[PDB]
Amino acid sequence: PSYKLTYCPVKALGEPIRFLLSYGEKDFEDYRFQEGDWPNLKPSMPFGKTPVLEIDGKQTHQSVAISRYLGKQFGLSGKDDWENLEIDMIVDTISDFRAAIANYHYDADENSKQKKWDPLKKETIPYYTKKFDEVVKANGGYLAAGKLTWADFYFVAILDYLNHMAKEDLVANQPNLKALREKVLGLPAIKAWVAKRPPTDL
């Protein structure tokens, strides 16, 4: 169909969608709006945020919801309700992890922000990176359902965004996560997209 993605000129929450559409070998317009273009676009987005993926004229939003839908379209979802649960559960956990990082990163009060630095690095980050690595090992190198799913694509696609905010390489000391990253980035459709895409830090 006709796909048009609208998002920031970075990877972040748009990248999982770009990863998935690529893997599905679907052509899509990759519209990246300029900084001064946003006040113009915001009012026409369903809840004033992006990513927004137009699918045959119809607006869709929410990076996770879209990723799940596209996952089912391209054969990357569970075989049954329970596998889809396992996928959904771990991705919402990725979101919790992102929220913990973003809570420091986007904090506008320097005093309060600095207060969150130590806890993030000393408790939160080590905890999740470990738990996630355990989960990956337990599924034989995947995040859920003992196989490659749209969660692996979502996770790896936003990883640079997570690293940038956390100011560290989150999977460097986590071998199963590191291998999952290498694996997903190693898939041809992704490898091909990654060599094409604009380089950004997020």
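Numbering starts at 1 and follows the sequence shown.
Q: Test of understanding: from the entry's C-alpha B-factors, which stretch has the higher mean, 173 to 181 or 42 to 50?
A: Higher mean C-alpha B-factor in the PDB entry: 173 to 181.
Q: Averaged over C-alpha atoms, is the B-factor higher for 6 to 14 or for 186 to 194 in this PDB entry?
A: That would be 186 to 194.
Q: Taking the chain's C-alpha temperature factors as the reference, tell me which third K167 falls into: lowest, middle or highest.
A: Its C-alpha B-factor, which the entry lists for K167, ranks in the middle third among residues of this chain.
Q: Check where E86 lands among this chain's C-alpha B-factors and tell me if it's the lowest, middle or highest third.
A: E86: CA B-factor falls in the lowest third of its chain.
Q: Quick one: classify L159 as lowest, middle or highest third of the chain based on its Cα B-factor.
A: For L159, whose C-alpha B-factor we compare with every modelled residue in the chain, the answer is the lowest third.
Q: According to the PDB entry, is the CA B factor of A138 in the bottom, middle or top third of its chain, that is, lowest, middle or highest?
A: Highest third - that is where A138 ends up once the chain's C-alpha B-factors are sorted.
Q: Mind checking which third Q34 falls in for C-alpha B-factor across the chain?
A: According to the entry, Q34 has a C-alpha B-factor in the chain's highest third.
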